[PDB]
């Protein structure tokens, strides 16, 4: 009952295997580690689906109604320089 999620971070995909009872934040941590995206910590990133909706990171993966071949975009909440 594992679910395959392609997570895209700065344009780079990583496939993360997920179980239905895992919150989405579990996949966030894994995708950032897999893609070496470290300059801001995991809580500073958020998920959007292909339709562009912001996803609740605390919701269980099985509750979204993903199809087996889902792509999600994981992007920063904010970028600042000065």
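Positions refer to the first chain, counted from 1.
Per-stretch averaging of Cα B factors for 57 to 65 and 70 to 78 places 57 to 65 on top. Averaged over CA atoms, B-factors in the entry run higher in 48 to 56 than in the other of 35 to 43 and 48 to 56. When all modelled residues of the chain are sorted by CA temperature factor, residue 21 is found within the highest third. In the deposited entry, the Cα temperature factor of residue 7 sits in the bottom third of values across the chain's modelled residues.
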